[PDB]
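K.L.:
One structure coming up, written as structure tokens, with questions to follow.
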Amino acid sequence: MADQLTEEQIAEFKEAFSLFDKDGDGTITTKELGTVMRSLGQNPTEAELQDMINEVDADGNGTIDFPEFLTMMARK
Ligand SMILES: [Ce+3]
Ligand SMILES: [Ce+3]
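Read left to right, the sequence shown gives residues 0 to 75 (the deposited numbering).
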């Protein structure tokens with residue numbers, strides 16, 4: 000019906016995570032990360048990304064989730 004800050008807000012962020020998540024599986028790997036970058040005009044190696052993914056992923060699953068990525072947004 001409408002939107003709203005707080006939790007509701009996140010609902011929106013969902014889409015954000017999608018941008019990066021080109022798998023729609025619910026996770027953001029490296030490639031998927033080195034993809035959207037094309038929009039910004041970037042394209043780091045699988046090494047850098049890994050570090051970037053290991054900058055939010057405190058679980059060390061190797062990939063990035065929605066809640067693990069949400070933090071990335073909070074940053075900047
Ligand atoms: Ce994915
Ligand atoms: Ce993770």
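Using N, Cα and C, we set each Cβ at its ideal position, and we do this for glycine too.
#1: Mind listing which residues have their beta carbon within less than 6 Å of any non-hydrogen atom of ligand 1? Chain order is fine.
#2: Buried or exposed: where does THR44 fall if 16 or more other Cβ atoms within 10 Å of its Cβ makes it buried?
#3: Just the C-alpha distance for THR29 and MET36, rounded to the nearest angstrom, thanks.
#4: Can you tell me the Cβ-Cβ gap for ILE27 and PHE68, rounded? I've got them flagged as a contact below 8 Å.
#5: The alpha helix (DSSP H) with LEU48 in it runs from where to where?
P.N.:
So, from the data block:
#1: The set, ordered by position in the chain, is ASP20, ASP22, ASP24, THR26, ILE27, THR28 and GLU31.
#2: It counts as exposed.
#3: Looking at the two C-alpha atoms, the distance is approximately 11 Å.
#4: Contact between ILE27 and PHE68 holds: their C-beta atoms lie close to 6 Å from each other, under 8 Å.
#5: That run of the alpha helix (DSSP H) goes 45 to 52.
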